[PDB]
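Here's the structure we're looking at; comments come further down.
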Amino acid sequence: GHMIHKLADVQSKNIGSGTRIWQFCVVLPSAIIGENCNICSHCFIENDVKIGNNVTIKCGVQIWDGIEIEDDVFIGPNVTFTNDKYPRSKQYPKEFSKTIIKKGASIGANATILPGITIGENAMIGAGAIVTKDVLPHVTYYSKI
Amino acid sequence: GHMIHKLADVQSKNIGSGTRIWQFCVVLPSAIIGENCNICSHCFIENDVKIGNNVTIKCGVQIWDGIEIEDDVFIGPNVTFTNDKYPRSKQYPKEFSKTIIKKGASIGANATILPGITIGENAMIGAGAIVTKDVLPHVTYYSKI
Amino acid sequence: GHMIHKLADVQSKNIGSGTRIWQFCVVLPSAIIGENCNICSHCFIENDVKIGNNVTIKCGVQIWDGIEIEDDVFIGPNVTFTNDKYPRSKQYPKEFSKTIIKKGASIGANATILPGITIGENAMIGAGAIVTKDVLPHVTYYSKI
Ligand SMILES: CC(C)(COP(=O)(O)OP(=O)(O)OC[C@H]1O[C@@H](n2cnc3c(N)ncnc32)[C@H](O)[C@@H]1OP(=O)(O)O)[C@@H](O)C(=O)NCCC(=O)NCCSO
Ligand SMILES: CC(C)(COP(=O)(O)OP(=O)(O)OC[C@H]1O[C@@H](n2cnc3c(N)ncnc32)[C@H](O)[C@@H]1OP(=O)(O)O)[C@@H](O)C(=O)NCCC(=O)NCCSO
Ligand SMILES: CC(C)(COP(=O)(O)OP(=O)(O)OC[C@H]1O[C@@H](n2cnc3c(N)ncnc32)[C@H](O)[C@@H]1OP(=O)(O)O)[C@@H](O)C(=O)NCCC(=O)NCCSO
Ligand SMILES: Cc1cn([C@H]2C[C@H](O)[C@@H](COP(=O)(O)OP(=O)(O)O[C@H]3O[C@H](C)[C@H](O)[C@H](N)[C@H]3O)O2)c(=O)[nH]c1=O
Ligand SMILES: Cc1cn([C@H]2C[C@H](O)[C@@H](COP(=O)(O)OP(=O)(O)O[C@H]3O[C@H](C)[C@H](O)[C@H](N)[C@H]3O)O2)c(=O)[nH]c1=O
Ligand SMILES: Cc1cn([C@H]2C[C@H](O)[C@@H](COP(=O)(O)OP(=O)(O)O[C@H]3O[C@H](C)[C@H](O)[C@H](N)[C@H]3O)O2)c(=O)[nH]c1=O
Ligand code: NA
């Protein structure tokens, strides 16, 4: 079985064994979430979303349509994803940009990921980074101060 | 009519037709929100706040006292506004700084807007930018890495 | 007495007189919170956490295990703390890194604080800063654009 907090709104049935979804989360019906994930408080997870096994999503994260998270990924608190490069209110793209966070990668707290980004297997993104280009597998990337 | 989610705390009656306010939002009594807005999950909207028509506010945004959003604005997820330049706990300003986001402007995800800022009509703020100065109409501004 | 909003999940009994905890907050049982604090909507406060008196925590803040906030601190909205320098999903540190925010300090909106950080008494952190090193008492630090 899986644990959905009474104070979460989880509409998806596609949730693996051992997954925990905490207070004040929203998960829309088509989201797929694997086994032994931890979806911490105050997250939003849209429809066209795939999340693998053993994924940690810390508080305050939104996973939009077009985002895939592979197995063993860590997403730090308040990490921000995007799916529209030139957003204008009520101008809906024909297709959302796809982001994929590959197996074992980690995204530091409060990082911002631009649309269409690939972060490679076991990469490490520094806290507060802005990721405007793909990050190669096993690379440590941060936005220098 | 307008749609207020049962899991939102909306205290304002000043909400235009076609507006949607989603889960875990707080809207205080004096907030004014126009028609056909989308206030996504996990937002906070204070009292001395004016929001126009056709405004998109993505998840995780707080709109403080002193902030005005004009029509057709897009506010990306986790965009942060401010109204106190030198904040000290329990030292309440006599007047909050005013921010105005002008018609059709778009603010990228996880941008930070300092107090007293004007963002001009149809401007585009890059994801993760820090906006310390006014942005002219139709200008694309981002914080270079 | 103290004020816990009906839409908060506060599990701690260790809350001082005059403290307000607002909608959609989570506070875990061992958290200690002093007198006359304001914990604004959408915050998360873990177990191994000490918060002093007269502390303002604006919306969207998570205070992790290992974080201490002293008296009279201001924490701006969406300020992000961290306690694990090299996070990997399901790889739990033997010890979390400790952060201490010293008396009267202020952290600007949407700042990111790396693990193990001391911010000195009455320091001022700019909105959107990334704090990778200790900040001396009374110093104004921001990440230049
Ligand atoms: C990026 C990193 C992994 C790198 O650590 P590291 O490789 O040991 O780098 P380092 O040796 O500490 O620092 C090297 C330099 O980069 C800077 N730096 C490190 N992290 C940075 C960041 N996130 N942004 C900007 N600069 C950074 C340091 O200030 C240092 O600068 P100087 O050489 O000028 O002193 C780490 O700092 C980090 O950001 N970790 C993520 C923490 C996090 O978000 N955890 C998840 C939340 S808690 O579970
Ligand atoms: C700012 C921008 C509109 C600009 O796109 P653009 O004008 O096509 O710029 P670009 O040609 O992609 O990039 C030009 C340079 O600026 C950099 N850049 C682009 N966006 C940046 C940002 N947000 N912060 C820092 N640098 C940025 C690129 O890395 C590139 O650098 P090099 O020239 O060194 O390669 C876009 O990158 C962006 O930030 N969009 C907002 C996305 C968003 O937040 N959407 C809302 C959430 S989803 O609805
Ligand atoms: C850091 C500061 C306290 C400094 O204000 P200040 O010392 O008067 O600096 P300033 O004179 O305005 O600006 C000096 C320079 O630093 C830059 N700057 C100021 N704040 C900055 C920030 N947060 N990040 C990057 N640059 C910043 C300015 O752009 C200016 O650059 P130029 O000299 O190139 O013009 C203020 O800008 C700030 O960040 N305040 C926090 C606001 C906040 O988060 N409030 C809490 C939420 S509302 O309660
Ligand atoms: C009890 C409870 C937990 N949670 C979430 C947030 C807690 O931080 C988290 C605890 O679960 P866990 O021990 O499996 O922690 P993880 O979420 O796996 O994160 C910890 O371990 C990582 C390796 C990193 O070091 C990270 N910084 C840590 O927080 O679960 C809620 O959101 N609400 C709750 O009520
Ligand atoms: C069903 C539901 C929706 N919502 C919010 C968040 C969803 O992303 C949003 C969907 O409404 P919508 O289709 O009108 O989307 P918008 O909010 O208008 O944003 C989309 O379109 C923009 C032009 C940009 O491309 C943006 N990146 C997109 O997300 O509504 C909730 O918060 N909770 C919910 O339960
Ligand atoms: C009524 C209500 C208030 N609150 C929180 C958020 C409101 O901003 C806050 C109001 O309490 P307060 O007047 O004691 O304000 P503070 O939280 O102390 O912050 C204000 O004063 C500071 C010195 C800075 O200038 C800051 N920018 C201001 O917002 O309480 C909720 O989260 N939900 C609510 O329903
Ligand atoms: Na943020």
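Naming works like this for the structure tokens: A, B, ... for the chains as they're shown, residue 1 at the start of each chain, ligands 1 onward in shown order.
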
Kindly provide, as an MDAnalysis selection string, the residues of chain C having any atom no farther than 10 Å from an atom of chain B, counting only C-alpha atoms. chainID C and resid 7 22:24 36:38 40:42 54:60 71:79 104:111 122 124:129 143:145

Test item: residues at most 9 Å from residue 118 (chain B), only C-alpha atoms, excluding those fewer than 3 positions along its chain, as a count of residues only: 9

Within region 1-117 of chain A, find each residue whose DSSP state, derived from the backbone, is strand (DSSP E), and express the selection as a ChimeraX atom specification. /A:3-4,9-10,20-21,26-27,32-33,38-39,44-45,49-51,56-57,62-63,67-69,74-75,99-101,106-107,112-113

Selection to disk with N, CA, C and O atoms, as a short mmCIF file (atom, residue, chain, number, x, y, z; two decimals), in the first residue's frame:
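Output below, filename again_31.cif:
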data_model
loop_
_atom_site.label_atom_id
_atom_site.label_comp_id
_atom_site.auth_asym_id
_atom_site.auth_seq_id
_atom_site.Cartn_x
_atom_site.Cartn_y
_atom_site.Cartn_z
N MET A 3 0.73 5.74 1.32
CA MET A 3 0.19 6.63 2.38
C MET A 3 -0.14 7.96 1.73
O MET A 3 0.80 8.64 1.26
N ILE A 4 -1.42 8.30 1.68
CA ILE A 4 -1.88 9.63 1.22
C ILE A 4 -2.42 10.35 2.45
O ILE A 4 -3.38 9.85 3.04
N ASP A 9 -4.83 16.38 -1.56
CA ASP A 9 -5.82 16.13 -2.63
C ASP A 9 -5.14 15.31 -3.72
O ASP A 9 -4.53 15.89 -4.64
N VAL A 10 -5.18 13.99 -3.60
CA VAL A 10 -4.52 13.08 -4.58
C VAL A 10 -5.60 12.40 -5.41
O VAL A 10 -6.45 11.68 -4.85
N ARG A 20 4.79 7.91 0.01
CA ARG A 20 4.15 8.80 1.00
C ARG A 20 3.87 10.12 0.29
O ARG A 20 4.79 10.66 -0.35
N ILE A 21 2.65 10.62 0.43
CA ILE A 21 2.28 11.95 -0.08
C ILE A 21 1.71 12.76 1.08
O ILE A 21 0.74 12.30 1.72
N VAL A 26 -1.28 18.50 -4.03
CA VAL A 26 -2.27 18.27 -5.12
C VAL A 26 -1.63 17.35 -6.14
O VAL A 26 -0.51 17.67 -6.59
N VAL A 27 -2.29 16.23 -6.47
CA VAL A 27 -1.81 15.33 -7.54
C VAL A 27 -2.98 15.07 -8.49
O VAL A 27 -4.00 14.55 -8.02
N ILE A 32 1.76 9.67 -12.79
CA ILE A 32 2.29 8.33 -12.45
C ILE A 32 3.43 8.53 -11.46
O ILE A 32 4.36 9.31 -11.77
N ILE A 33 3.35 7.86 -10.32
CA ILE A 33 4.38 7.94 -9.26
C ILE A 33 4.77 6.52 -8.89
O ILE A 33 3.84 5.71 -8.62
N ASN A 38 8.87 9.86 -1.70
CA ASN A 38 8.45 10.77 -0.62
C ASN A 38 8.08 12.11 -1.26
O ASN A 38 8.98 12.79 -1.78
N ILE A 39 6.79 12.42 -1.31
CA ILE A 39 6.28 13.70 -1.86
C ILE A 39 5.93 14.53 -0.65
O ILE A 39 4.88 14.30 -0.03
N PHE A 44 2.72 20.29 -5.86
CA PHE A 44 1.69 20.20 -6.92
C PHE A 44 2.25 19.33 -8.02
O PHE A 44 3.37 19.59 -8.48
N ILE A 45 1.47 18.33 -8.45
CA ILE A 45 1.88 17.38 -9.51
C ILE A 45 0.76 17.28 -10.54
O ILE A 45 -0.33 16.85 -10.17
N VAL A 49 2.79 13.68 -16.29
CA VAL A 49 3.93 13.63 -15.35
C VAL A 49 4.24 12.17 -15.06
O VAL A 49 3.31 11.40 -14.76
N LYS A 50 5.50 11.80 -15.17
CA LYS A 50 5.98 10.46 -14.78
C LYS A 50 7.09 10.62 -13.74
O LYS A 50 8.06 11.31 -14.06
N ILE A 51 6.94 9.98 -12.59
CA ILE A 51 7.93 9.97 -11.50
C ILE A 51 8.26 8.51 -11.20
O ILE A 51 7.33 7.70 -11.08
N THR A 56 12.70 11.39 -4.09
CA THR A 56 12.43 12.34 -3.00
C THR A 56 12.07 13.69 -3.62
O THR A 56 12.92 14.25 -4.32
N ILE A 57 10.87 14.18 -3.35
CA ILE A 57 10.49 15.56 -3.72
C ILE A 57 10.25 16.32 -2.43
O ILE A 57 9.28 16.01 -1.73
N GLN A 62 6.54 22.13 -7.64
CA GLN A 62 5.49 21.82 -8.64
C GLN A 62 6.09 21.10 -9.83
O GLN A 62 7.06 21.60 -10.42
N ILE A 63 5.50 19.97 -10.20
CA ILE A 63 5.91 19.15 -11.36
C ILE A 63 4.82 19.31 -12.42
O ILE A 63 3.72 18.77 -12.23
N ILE A 67 6.98 17.02 -17.62
CA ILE A 67 8.18 16.76 -16.77
C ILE A 67 8.23 15.26 -16.44
O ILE A 67 7.20 14.71 -15.96
N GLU A 68 9.38 14.63 -16.66
CA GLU A 68 9.63 13.24 -16.22
C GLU A 68 10.80 13.25 -15.23
O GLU A 68 11.82 13.88 -15.50
N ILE A 69 10.61 12.51 -14.15
CA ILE A 69 11.65 12.31 -13.12
C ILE A 69 11.94 10.81 -13.11
O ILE A 69 11.07 10.06 -12.84
N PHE A 74 16.65 13.04 -6.38
CA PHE A 74 16.36 13.93 -5.25
C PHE A 74 16.04 15.31 -5.80
O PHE A 74 16.85 15.88 -6.55
N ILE A 75 14.87 15.85 -5.45
CA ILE A 75 14.48 17.24 -5.79
C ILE A 75 14.39 18.05 -4.50
O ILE A 75 13.54 17.72 -3.65
N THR A 99 10.92 18.34 -19.89
CA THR A 99 12.12 18.27 -19.04
C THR A 99 12.27 16.83 -18.60
O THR A 99 11.24 16.20 -18.30
N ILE A 100 13.49 16.31 -18.55
CA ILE A 100 13.71 14.98 -17.95
C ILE A 100 14.88 15.08 -16.99
O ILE A 100 15.94 15.62 -17.35
N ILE A 101 14.64 14.62 -15.77
CA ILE A 101 15.68 14.54 -14.72
C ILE A 101 16.06 13.07 -14.58
O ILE A 101 15.24 12.25 -14.17
N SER A 106 20.42 14.85 -8.58
CA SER A 106 19.96 15.65 -7.42
C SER A 106 19.89 17.11 -7.81
O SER A 106 20.86 17.63 -8.41
N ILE A 107 18.78 17.77 -7.48
CA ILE A 107 18.61 19.22 -7.74
C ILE A 107 18.58 19.96 -6.41
O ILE A 107 17.68 19.69 -5.61
N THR A 112 16.17 26.74 -10.25
CA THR A 112 15.17 27.03 -11.29
C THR A 112 15.60 26.34 -12.59
O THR A 112 16.72 26.61 -13.05
N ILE A 113 14.74 25.49 -13.13
CA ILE A 113 15.03 24.68 -14.35
C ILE A 113 14.21 25.27 -15.49
O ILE A 113 12.97 25.32 -15.40
#
